[PDB]
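What follows is a set of notes on a single structure, which appears directly below.
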Amino acid sequence: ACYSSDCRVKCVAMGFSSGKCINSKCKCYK
Ligand SMILES: [Cl-]
């Protein structure tokens, strides 16, 4: 599943701004 905290942290680790869980997907904000 997608979990909010982990998704945000994954996204930031890759150089994105943040991210959110949408429909089971961790979608990063650029
Ligand atoms: Cl979700």
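Letters A, B, ... go to the chains of the structure tokens in the order shown; residues in each chain start at 1; ligands are counted from 1 in the same order.
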So which residues touch residue 30 of chain A within 12 Å, counting only C-alpha atoms, skipping near sequence neighbours fewer than 4 positions away, as an MDAnalysis selection string? chainID A and resid 8 11:12 14:20
Write as a ChimeraX atom specification the residues around ligand 1, taking 6 Å as the cut-off and counting only C-alpha atoms and all ligand atoms. /A:2,21-24
Write a file of the just-selected residues containing C-alpha atoms, as a compact mmCIF listing (two decimals), in the first residue's frame.
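result37.txt written:
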```txt
# COMPACT_ATOMS: atom_id res chain seq x y z
CA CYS A 2 1.05 3.66 0.03
CA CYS A 21 -0.60 8.82 -1.71
CA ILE A 22 -3.26 8.80 -4.43
CA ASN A 23 -5.11 5.63 -5.41
CA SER A 24 -2.41 3.40 -3.85
```
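All residues within chain A that the backbone DSSP calculation assigns to helix (DSSP H, G or I) are residues 4, 5, 6, 7, 8, 9, 10, 11, 12 and 13 of chain A.
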Could you give me, as a list in words, each residue of chain A that DSSP assigns to strand (DSSP E or B) when run on this structure's backbone? residues 18, 19, 20, 21, 22, 25, 26, 27, 28 and 29 of chain A
